[PDB]
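Undergrad: What follows is a protein structure lacking sequence information:
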Ligand SMILES: Fc1ccccc1NCc1cc[nH]n1
């Protein structure tokens, strides 16, 4: 039985509004309703992995797992295996996989982050799951961020706390946060960003939704505008939104948005908004294609509609050669020529690099770079031709060209990372000097750039 080079992944996010679900929720897992929906001809084809994020979930883990498994079995006839389940308060993530994947999945991690302080600590935060699928690392984050139209900055802060403190994936990747630890990272949930239009325009917005005219609403969506201004979710992707706002509905219909201020809302307006979202970030030049992104129309127990997204995702096999794992393959090498980091820092420490990759036996520390002043104020750290030659465990180009090198630039004085990035080895040529580039981030904010040339030697 061949190992796959693609899988499909289902991502669901649903704020259940503290109410039990209806008896049938199959439309969610079938990607049917509004938006980019899945073709009927695929309905019996199971996804490889289903990742379900809930918020305001009133069920026990047992109760929800029974509903989810029975739903998938009804659709597909397949009895899915439970990979992981993790709950923080009423925020939950479930990962289910086809039984044939059970011996492909390993290194399962779970964690949570509680956001806020005192007043604002006790119900918002995130849960996550990571694991290896053969040679490919997968991370999943379900976050319930701060509510309210006038709290976009708090949401952005919540995002930065979650990506700093959620402890998933390979702990040896110590300079790297979750935005660099995974081949594919999916971040979803009740992100709670709102359509920023005046309260007086509520009925106009409702009109627009009834006409399926979302352009003048999406142009005011806080997540899209904050992302455009590089305030949040830097280097993440989101599929175009083609479904109606998923909040805030009257329960038991989808015919009415309930936006007016009430004691139950803290006297806040809830204008129709795309609270419920799926974003992703994959390593450079890895296959990832969104094949659905939409909301259900027929699940009406909550004041939110469920959101689905599905993806094709490239995966790699657990490679064995005569040599690596457990030695190097001297027919393989990675050279960095004429490299330099450009940093936004005002500091004047010396810097060194660390190169981290599962194609290396362990991470590699460089010599200190040479600091120069850039024309427009910046720090330029030059490495010249001084960088250590990297010795991969396997030289086979079918393996090596699919790998990635994580780079951290660290202060000699403090050993703290000032920036992290990633270089693909999916080159146009081997034995050829080729340009490389990554932005550098720290705590998910832009801190600089790394650029230079690479020369990759494979066994071919
Ligand atoms: F979210 C982004 C990342 C990169 C470039 C652009 C965007 N959003 C554009 C937008 C703003 C309001 N509606 N659409």
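TA: Perfect, I can see it now. Numbering: from 1, shown residues only.
Undergrad: In the stretch 201-350 of the chain, what residue comes closest to the ligand?
TA: Of all residues in the stretch 201-350 of the chain, residue 227 sits closest to the ligand, at 3.0 Å by CB to the nearest ligand atom. Heads up, the C-betas are built off the backbone N, CA and C, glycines and all.
Undergrad: quick one: that residue and residue 233 touch, right?
TA: Yes. With contacts counted by CB atoms under 8 Å, residue 227 reaches residue 233, the gap being 5.2 Å.
Undergrad: higher neighbour count, those two?
TA: residue 233 (22 against 19; other CB atoms under 10 Å).
Undergrad: what sits against the residue of the stretch 201-350 of the chain closest to the ligand?
TA: 233, 234, 236, 238 (CB atoms under 8 Å, 6 or more residues apart in numbering).
Undergrad: Give me the buried positions along the one helix or strand it maps to.
TA: For residue 227, the host element (DSSP states H and E) is helix 222-228. By neighbour count with 16 or more other CB atoms under 10 Å, helix 222-228 contains the buried residues 222, 223, 224, 225, 226, 227.
Undergrad: Could you point out the helix or strand that follows that helix?
TA: From helix 222-228, the next helix or strand downstream (DSSP H and E) is strand 276-282.
Undergrad: tell me what that next one is packed against?
TA: strand 6-15, strand 184-190, strand 288-295, strand 307-314 (3 or more CB pairs under 8 Å, 6 or more residues apart in numbering; DSSP states H and E).
Undergrad: try 10 Å
TA: Packing partners of strand 276-282 (3 or more CB pairs under 10 Å, 6 or more residues apart in numbering; DSSP states H and E): strand 6-15, strand 49-55, strand 136-144, helix 178-181, strand 184-190, helix 222-228, strand 288-295, strand 307-314.
Undergrad: and the next helix or strand after the last one, how far out from the chain's middle?
TA: Right, strand 307-314. Using DSSP H and E, the helix or strand that follows strand 307-314 towards the C-terminus is strand 333-343. Mean-position distance between strand 333-343 and its chain equals 27 Å (CA atoms, centre = their mean, to the nearest Å).
Undergrad: name the helices or strands packed onto strand 333-343?
TA: Using 3+ CB pairs under 10 Å, 6+ apart, strand 333-343 sits against strand 351-356, strand 370-373, strand 379-384, strand 404-411, strand 417-424, strand 434-442, strand 445-457.
Undergrad: let's go with 8 Å and repeat that
TA: Secondary-structure packing of strand 333-343 (3+ CB pairs under 8 Å, 6+ apart): strand 351-356, strand 379-384, strand 404-411, strand 417-424, strand 434-442, strand 445-457.
Undergrad: Quick check: the residue of the stretch 201-350 of the chain closest to the ligand vs residue 234, distance?
TA: Using CB to CB, to the nearest Å, we find residue 227 at a distance of 8 Å from residue 234.
Undergrad: now do residue 304
TA: For residue 304, the distance to residue 234 equals 26 Å [CB to CB].
Undergrad: These two - which one has more neighbours?
TA: residue 304 (24 against 16).
Undergrad: Provide the secondary structure category for the more buried one.
TA: Counting by DSSP: H, G, I helix; E, B strand; the rest coil, the backbone at residue 304 sits in coil.
Undergrad: I'd say it and residue 247 touch.
TA: Yes. When contacts are counted by CB under 8 Å, residue 304 is listed as touching residue 247 (5.0 Å).
Undergrad: what sits in contact with each of these two?
TA: 15, 275, 276.
Undergrad: which element is residue 73 on?
TA: helix 61-76.
Undergrad: what angle do that helix and strand 49-55 make?
TA: Interaxial angle, helix 61-76 versus strand 49-55 (axes from the mean of the first three to the mean of the last three CA atoms, to 10 degrees): 140 degrees.
Undergrad: Measure how helix 61-76 sits relative to strand 6-15, angle-wise.
TA: 130 degrees.
Undergrad: what comes up buried for helix 61-76?
TA: Within helix 61-76, the residues that qualify as buried are 64, 65, 67, 68, 69, 71, 72, 76, counting by 16+ other CB under 10 Å.
Undergrad: Next one: the residue of the stretch 201-350 of the chain closest to the ligand from residue 429, what distance?
TA: 34 Å.
Undergrad: part of a helix, is residue 216?
TA: Yes. If the criterion is three-state DSSP, then residue 216 is within a helix.
Undergrad: Quick check: residues of this structure near the ligand?
TA: Residues of the chain lying close to the ligand (CB under 6 Å from any ligand atom) are 218, 219, 221, 224, 225, 227, 228.
Undergrad: now do 8 Å
TA: Residues of the chain found near the ligand (CB under 8 Å from any ligand atom) are 218, 219, 220, 221, 223, 224, 225, 226, 227, 228, 233, 238.
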